[PDB]
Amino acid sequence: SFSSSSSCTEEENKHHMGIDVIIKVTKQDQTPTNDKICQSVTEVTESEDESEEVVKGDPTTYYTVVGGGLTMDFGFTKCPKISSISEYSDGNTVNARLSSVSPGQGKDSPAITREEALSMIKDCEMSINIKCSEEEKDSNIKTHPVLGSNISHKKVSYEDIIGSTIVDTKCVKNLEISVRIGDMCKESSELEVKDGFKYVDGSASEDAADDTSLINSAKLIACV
């Protein structure tokens, strides 16, 4: 009635910090039809291998999400753990959400001090590289409801979180992304930050916005 995975801590100055990433890709007109999402998820963290040693810098965890004619490569450094990855196809769009999971869902959701939270909020960086995919493999999904972070993508304090962003224009026409870092149990203002930008047919803009409906979460399907 206490593990972080089963309950939000009552401990003062402790917060179950998490990250929540929303991705919306609008494919080019002549991109071949492919609505097979969640084809594969590959996770790799630097220094995990016995012989690999990260000497300088912090260990980055990479996620390669193949689906819907796209291969999305994410790179998270100094960010809360990702425990939920989902996708859904809609017309010529591929949508995805990668996030930490809030307490009470069988996923460890470590709680950290306010001090560490403030440091993490500034240090966490996410890179994204989206390339075309020709994968015709069937989807590999879970029927289980998508586990959430309990973090709303409403407008909050801005923070530069998104790092290197690269796309293959052969299949990526539009790219919209929203990233939130916050308290998964109860919004704590000083600890709520958000980044995001819009890329439309070549033009990128960074106007802050309410992204609570950037994508339709009710349609997300858990990738395995």
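Residue numbers run from 1 along the displayed sequence.
- For the pair 188-196 and 174-182, the record assigns the higher mean C-alpha temperature factor to 188-196.
- Higher mean CA B-factor, judged across 62-70 and 26-34 from the recorded values: 26-34.
- Set against one another, the Cα B-factors of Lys131, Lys81, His153, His144 in the record reach their highest point at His144.
- Looking at the C-alpha B-factors along this chain, the one for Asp210 belongs to the middle third.
- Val54: CA B factor lies in the middle third for its chain, per the PDB record.
- When the modelled residues of the chain are ordered by C-alpha B-factor, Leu98 sits in the lowest third.
- Ranked within its chain, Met126 lands in the lowest third, by CA B factor from the PDB record.
- When the modelled residues of the chain are ordered by their C-alpha B factor, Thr165 lands in the lowest third.
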